[PDB]
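A quick write-up on the structure given underneath.
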Amino acid sequence: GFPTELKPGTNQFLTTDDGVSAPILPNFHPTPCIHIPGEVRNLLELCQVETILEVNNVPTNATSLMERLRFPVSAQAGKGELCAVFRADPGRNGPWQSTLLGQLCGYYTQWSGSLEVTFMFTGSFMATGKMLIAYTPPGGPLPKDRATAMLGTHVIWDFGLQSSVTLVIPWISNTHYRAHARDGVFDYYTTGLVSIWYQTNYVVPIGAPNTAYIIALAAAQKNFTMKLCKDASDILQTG
Amino acid sequence: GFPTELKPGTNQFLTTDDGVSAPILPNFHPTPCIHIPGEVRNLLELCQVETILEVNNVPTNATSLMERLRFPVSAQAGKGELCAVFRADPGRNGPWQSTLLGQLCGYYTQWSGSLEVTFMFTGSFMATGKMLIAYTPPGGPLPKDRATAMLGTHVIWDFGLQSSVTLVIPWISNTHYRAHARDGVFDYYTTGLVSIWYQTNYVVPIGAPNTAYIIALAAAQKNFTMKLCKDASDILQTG
Amino acid sequence: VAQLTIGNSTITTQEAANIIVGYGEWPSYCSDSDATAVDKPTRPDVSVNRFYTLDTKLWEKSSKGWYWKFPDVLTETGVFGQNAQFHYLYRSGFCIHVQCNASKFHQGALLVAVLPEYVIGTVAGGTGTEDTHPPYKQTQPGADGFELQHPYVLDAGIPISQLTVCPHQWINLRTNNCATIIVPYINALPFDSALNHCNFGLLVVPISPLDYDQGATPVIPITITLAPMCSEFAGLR
Amino acid sequence: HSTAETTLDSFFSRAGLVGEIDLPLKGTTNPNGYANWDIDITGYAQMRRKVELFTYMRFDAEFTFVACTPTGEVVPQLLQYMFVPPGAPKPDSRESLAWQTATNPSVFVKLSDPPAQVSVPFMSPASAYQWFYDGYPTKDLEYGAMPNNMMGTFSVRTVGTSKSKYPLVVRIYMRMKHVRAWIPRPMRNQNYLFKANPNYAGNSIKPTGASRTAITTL
Amino acid sequence: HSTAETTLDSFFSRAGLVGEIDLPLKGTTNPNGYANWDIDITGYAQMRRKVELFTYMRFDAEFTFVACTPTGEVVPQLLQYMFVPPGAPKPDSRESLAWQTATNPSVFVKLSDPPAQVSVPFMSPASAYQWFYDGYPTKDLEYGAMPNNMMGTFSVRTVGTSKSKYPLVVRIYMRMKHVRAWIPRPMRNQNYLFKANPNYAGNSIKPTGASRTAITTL
């Protein structure tokens, strides 16, 4: 015959070896693939979709779960008051878990790209005012007050003019490794922060509700990426 | 020699692997194939052949078995009366078992195509009358009477004019799977139905028999097909 | 503002807000080289394809949300429900239009999305040990629709917070009132049953609750008007 | 700069464990030295939720068989793995004639011989496997049942007329290949209760993710 | 749209079981640790009726041998499979010189070695194997006897001068390849009684298929 020497790894079964195997049904002609709308090809398509960010992830009472989707603003809040705050940690617990992006980050170990949060005011049409939305890069501590946050990368939002506004998070990178307990977790540290302060108070004419809610929607830019498939889940197929 | 690694499936015997094996008699020159009439190449050739359909599959009495091949029409039958009925189920029990098509469907699991039944009046030449032949697609219940069947896809047949007539069954598809008892059977459901009613009565002059028979012949169109070889039989080679 | 007509149906609607053509595809027909090229499938144009205006649902502060099934919603309604029933197969695209009528003194936000193969899952007894299957009134509510009981998980164990991944459109009272969506035929087969399979379900839920000061109308009428696109049928019975 | 890892195929590759057969000598479990395993890709826990991200899918499966005694030992015993396509009858006994029906692919291999491995095609008579079906097949218990999603059964047994001399354990891995998916949908956020439907616990309805005290504290 | 499966070759492929040799230690069956098997393709029950659909046929056969002890065990025993072409003399004993006649192809293999496998040509001196012969070879018992349809004999035995130490069982599979058929004919609708002729039971003459009550009821 033809001279050969078998090399180590012969007869082994690698769960990730993508070789070919013998077709059980050689003659079978599987029913032809026809056209179906919205085919997905690469998960990052999904990551660029706006999902509701449960910033108000505080109520747990079963019947108030719908409340996590929206946080509110009211007349009672005085100028300068801090409305709300959260981090730019897509994969870690908290707000991002609600977004689709967050859930997909979970099947991966590393990632990086620019994010993008959009705020939607759902209050009465007659209401007006200004909100200051500031981003404090990783490391920078949550600004003491409105004015100090006013010096950072911020955006004055007048929902009297535009009902929507989108903020871009320049960058977030879950790359810095951590071996705490005895379980190694490739964690953030890049917990960028997004604060939101009442630049002015909530103003309304008689006849309009003195409270309104807002909805956070997030997605990642086209420059987003992920690495290291890592299946992990609390939800599994029960016996 | 030449470096090689054996992959799983090595040394296995697949009853369907169509590889090559060593010729026991290398020098032997087998007697040359000469020309023989009517060579068959693909079974579907056979399926397009007209075979007698035992519509009248009722007598079992050994000496009356020849009766299954033909059903009759007579003077006694009044206008509108239902002469006969059956389904368009090539592979299932009943009438189709007699046709060659039926028997071939048995060695296969799935199939689909247009069928074609031809009726032959074998009565006296002096007889005349009309028969209504209607097809009720799958789902549609056997028409109550002649008139309601008259509204469906039908054909008035005057055997006073033409002794033959051929009906086409647009489509039949044994594709809908069924796991009843604990034995999974890819069954019809497409039991299309073919009804036949005495549009007019049987008319004859003195001297001619008041009964005549008819013969059903079926085959499938050229658009017929079958899938999944499945050997099955009640008749086997005895010990 | 202007009014469009399709036969005997004439709706008064706004010029042309942003429409959402689900999955970037337009409800088209199906060519001759298919599964049933013999039983040439008749395509309704006349009355069958026009503007149906379903029984308006009333938005409330406590409203949890609503959903209808397709084509179920219409198999009861008019000459279209006529075809869907006495016919063997069906494929059809849809133009859905949803509008509210509220004063500039009401506030709210309704997410309106379409979800293929919307399979309802009930509570399962409560403790999780009862294999109770959703009724027929819950699986195919008709033209009255049905109310969610667990909006957060869309009565099916899925976050609504992620429903935007489906052909959706928003209706924020302080900006718009009408939302429109074009839906193509979506199924693993060219044709299918119109009474057994509901290719999809229209979802409309209050993400930001309805609100107003005492004295303003307490219920905001939501009017769903919809029209069949390139609808086809085969095998009459 | 590359995004090869975020593709469908990349996401669904890897041969996961989806089945495990026990063939004890003395036992309540599979007493006839044989077993039938209807192909369930949910066999790998993590799987269900991953696929249930899409409405429709299509793919081929590569099966690799790992057999040994409970302690993971290798012994001189021959085995028959039979694949009964959907629609074909599974063996009711250790001598059912199904074991010899040519139309049921079978593969033989010694425990010593490395893993057995075969590819199985896209069976479904439909254009795609569909994880969700909003209807019934022509209040009911047939709701959400798309049967045309059956891949088939795998029948395993010791070769020979007599019971095997050793206690055996077969493990079935499955790599999904050539994947295509359509219509993406909300990621299951509630615990699964049944293998058939999406029903959840209406008491234990938990918030998608970790909660906190105030919306002003981190 | 494709009709590859309905071809002759497709229909007749698959290696079916057509033979089984028993070589017990203590026994009434094959007491001399050897056996002769004249090639019968009817060995696979289902076969007879399938081929008897045609009048004439032609083909090659691929034989695969499966040997083990009754429990399907593998043991260190060597075996000789001898093919005696038609016209060649089969061995009358475990020491017949036929076993050593070069003109009788023989193949040796250990039970451990995977299945033995060889192809056998279209033997027949005629242009085709013919399942039906309406005559006699130059009331009789030679009716329907087309002898020129013999493929040959397969003689099996344990290697060595002495009986084997183990009880053995050989199984012979046969895949038919390169098939050509002529003159199709009515599908046997009655039960077979003999391997030679088409004789049937003249009392038990059953209707081709399932009967019903009236021709107006379904």
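For peptide B:89-102, the mean count of partner chain Cβ atoms within 10 Å of a residue's Cβ comes to 3.
What does the C-alpha gyration tensor say about the overall shape of the protein assembly as shown? Classify as rounded when a/c is under 1.5, otherwise prolate if a/b is larger than b/c, or oblate. Because a/c hits 1.5 or more and a/b fails to exceed b/c, the protein assembly as shown counts as oblate. Out of every Cα-Cα pair that the range D:34-79 contains, those further apart than 13 angstrom amount to 74 percent. Here the Gaussian network model covers chain B, with springs between Cα atoms less than 10 Å apart; of B:219, B:179, B:22, B:22 fluctuates the most.
Separation of the range D:84-158 and the range D:17-40, taken as the distance between their Cα centroids, equals 16 angstrom. Backbone amide hydrogens, once placed in the peptide plane, bring residue B:171 within less than 5 Å of B:115, excluding anything fewer than 5 places away on its chain. The Cα trace of the range A:56-106 gives Rg and Dmax of 13.4, 39 Å, the first to one decimal, the second as a whole number. The helix-only estimate of mean residue ellipticity at 222 nm for chain D, built from DSSP H runs of length n ≥ 4 each weighted as -39500 (n - 2.57), is -1000 deg cm²/dmol after division by the residue total.
In a reduced charge model with +1 at each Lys and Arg Cβ and -1 at each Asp and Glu Cβ, chain D shows a dipole moment near 420 debye about its Cα centre. By Cβ position, the chain A residue that hugs the axis carrying A onto B most closely, with its distance in whole Å, is A:4, 4.
By the helix-only formula, in which each DSSP H run with n ≥ 4 contributes -39500 (n - 2.57) and the sum is divided by residues, chain C has a 222 nm mean residue ellipticity of -1000 deg cm²/dmol. For chain C, the dipole from Cβ point charges (+1 on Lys and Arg, -1 on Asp and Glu) about the Cα centre works out to 400 debye, to the nearest 20.
Here r is the Cβ-Cβ distance between residue D:1 and residue A:233 and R0 is 30 Å; the resulting FRET efficiency, rounded to 0.05, is 0.55. Mind listing the label-point distances from residue E:135 to the same position on all other copies, shortest first, one decimal in nm, points 7 Å along Cα→Cβ? Values, ascending and in nm: 6.4. For chain C, what does the alpha-carbon gyration tensor say about shape, rounded, prolate or oblate, given a ≥ b ≥ c as the root eigenvalues, a/c under 1.5 as rounded, and a/b over b/c as prolate? Since a/c reaches 1.5 but b/c is at least a/b, the shape of chain C is classed as oblate.
Local charge for residue E:205 was computed over the other residues whose Cβ lies under 14 Å away, with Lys and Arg +1 and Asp and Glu -1, and equals +2.
Close amide H partners of residue E:37, meaning residues 5 or more places away or on another chain with modelled amide H under 5 Å apart, are E:154, E:155, E:156. Close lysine pairs were tallied over chain D: pairs 8 or more places apart or on different chains with Cα atoms under 21 Å apart number 10. Maximal additional length on extending the residue C:55-residue C:178 stretch stands at 42.6 nm, based on 0.36 nm per residue less the C-alpha distance.
Is chain B rounded, prolate or oblate when judged by the Cα gyration tensor, a ≥ b ≥ c being the square roots of its eigenvalues, rounded requiring a/c under 1.5 and prolate requiring a/b larger than b/c? Since a/c reaches 1.5 and a/b is larger than b/c, the shape of chain B is classed as prolate. Starting from the label point of residue B:128 at 7 Å along Cα→Cβ, the same points in the other copies fall at 9.6 nm, in ascending order. Taking the DSSP beta bridges with both ends in the protein assembly as shown, the antiparallel portion is around 95 percent. Check chain B and count each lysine pair with an alpha-carbon distance under 24 angstrom, considering only pairs eight or more places apart or from different chains. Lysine pairs satisfying the spacing and distance rule in chain B number 4. Would you mind checking the range D:129-168 for residues with the amide N under 12 Å from a putative spin-label position 7 Å along Cα→C-beta of residue D:29? Output list for this probe position: D:167-168. Distances between copies at residue B:179, taken between label points 7 Å from Cα along the C-beta direction, are 4.8 nm in increasing order. Peptide B:137-145 has a mean shielding of 3, counted as Cβ atoms of other protein chains within 10 Å of each residue's Cβ.
A Förster radius of 45 Å, combined with the Cβ-Cβ distance separating residue A:185 from residue C:11, puts the computed FRET efficiency at roughly 0.20. Taking the axis that rotates chain E onto chain D, the chain E residue nearest to it by Cβ, with the distance rounded to whole Å, is E:112, 8.
I need the calculated FRET efficiency for the pair residue A:79 and residue C:103, taking r as the beta carbon distance and R₀ as 30 Å, to the nearest 0.05. The calculated FRET efficiency here is 0.55. Modelled spin-label separation between residue B:176 and residue E:133, with each label point placed 7 Å from Cα along the Cα-to-Cβ direction: 5.2 nm. Computed over chain A, the per-residue total of -39500 (n - 2.57) for DSSP H runs of n ≥ 4 gives a 222 nm mean residue ellipticity of -1000 deg cm²/dmol, rounded to 500. Between residue E:206 and residue D:141, the modelled labels are 3.5 nm apart [label points 7 Å from Cα along Cα→Cβ].
The numbers here are math on the coordinates, done by the rules we state, and not lab data. With ideal geometry, Cβ positions are generated from the backbone for all residues, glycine too; neighbour counts draw on all protein chains shown.
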